[PDB]
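Given next, in structure tokens, is a single chain: the form deposited in one PDB entry.
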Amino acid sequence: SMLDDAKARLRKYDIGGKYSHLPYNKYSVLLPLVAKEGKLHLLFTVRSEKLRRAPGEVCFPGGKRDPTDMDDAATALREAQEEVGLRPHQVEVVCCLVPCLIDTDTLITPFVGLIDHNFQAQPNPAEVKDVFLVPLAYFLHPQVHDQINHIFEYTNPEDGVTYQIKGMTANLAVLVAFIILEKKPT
């Protein structure tokens, strides 16, 4: 099936806990996969305008590890619950992808999660201005704008709203799209 095929592809790229004990300032992100209308989508947040760093930017749910977290996956799930109301029973964490090194002292670990079809986002307005879906196949043929570095513009056909996706967020979306959709029969 579509979902069994996606999980099987994703498991081949799982690094597991290999880099998780290293002495960095630690953050985790959740790459949330949603199945609608017979296709896979990624769920994104728009950060509240009130926030100190990167107000109004498109991001994945996530944040800083705290002492309560049993592991890096737990960080991603705690932050996702706080930000968009995603409960643990509504997500299956399938794997841990390549971590992102930044600032010389910081390691950001991404986890891909399959999201339950009965989940409905409840944006917490102190942290998140908006939540939206992009079809995973978009990241194979994105509408690119050069700012000089590459920015994706996605327009939601439901309402005509345009979102800008860039940086680590755009990079990870492309990675997930390649892993799941490369070399598939029609």
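Rigid core here is just the name for the largest C-alpha set that superposes within 1.5 Å across the two forms. The numbering used is simple: start at 1 and walk along the sequence shown.
Participant: Going by root mean square C-alpha distance after a core fit, say whether 53-61 or 131-139 is farther from the shown form in 8 other deposited structures of this protein.
Facilitator: After the core superposition, the stretch with higher RMS deviation in 8 other deposited structures of this protein is 53-61.
Participant: What does the record say about the segment between residue 147 and residue 148: how many deposited residues are without coordinates (none, 1 to 3, 4 to 9, 10 or more)?
Facilitator: Gap between residue 147 and residue 148: 10 or more unmodelled residues.
Participant: Regarding 57-65 and 137-145, which shows the higher C-alpha temperature factor on average in the entry?
Facilitator: Stretch with the higher mean C-alpha B-factor: 137-145.
Participant: In the PDB record, does 66-74 or 45-53 carry the higher mean Cα temperature factor?
Facilitator: According to the entry, 45-53 carries the higher average C-alpha B-factor.
Participant: Quick check for you: using the entry's CA B-factors within this chain, is residue 91 in the lowest, middle or highest third?
Facilitator: As the PDB entry reports it, the C-alpha B-factor of residue 91 lands in the lowest third of its chain.
Participant: Based on the deposited C-alpha B factors for this chain, I'd like to know if residue 168 is in the lowest, middle or highest third.
Facilitator: Middle third - that is where residue 168 ends up once the chain's C-alpha B-factors are sorted.
Participant: When the deposited Cα B-factors of this chain's modelled residues are ordered and cut into thirds, is residue 112 in the lowest, the middle or the highest one?
Facilitator: Bottom third by C-alpha B-factor.
Participant: Residue 156: which third of its chain by C-alpha temperature factor?
Facilitator: Middle third by C-alpha B-factor.
Participant: Taking the C-alpha B-factors as the PDB entry records them, is residue 3 in the lowest, middle or highest third of its chain?
Facilitator: Answer is highest: the recorded C-alpha B-factor places it there.
The discussion below concerns the form deposited with a small molecule bound, not included here.
Participant: Considering only heavy atoms, tell me if residue 136 and the small molecule come within 4.5 Å of each other in the deposited bound form.
Facilitator: Answer no; every heavy atom of residue 136 is more than 4.5 Å from the small molecule in the deposited bound form.
Participant: Under a 4.5 Å heavy atom criterion, is residue 116 part of the interface with the small molecule in the deposited bound form?
Facilitator: Yes, residue 116 is a contact residue.
Participant: I'd like to know if residue 149 sits close to the small molecule in the deposited bound form, meaning any non-hydrogen atom pair within 4.5 angstroms.
Facilitator: Because no heavy atom of residue 149 falls inside 4.5 Å of the small molecule in the deposited bound form, the answer is no.
Participant: Just to confirm, residue 155 within 4.5 Å of the small molecule in the deposited bound form by heavy atoms?
Facilitator: Although the small molecule is absent here, residue 155 would stay clear of it in the deposited bound form, with no heavy atoms inside 4.5 Å.
Participant: For the three residues 34, 43 and 121, which mark the spot I'm curious about, does each lie within 4.5 Å of the small molecule in the deposited bound form through at least one heavy atom?
Facilitator: Yes.
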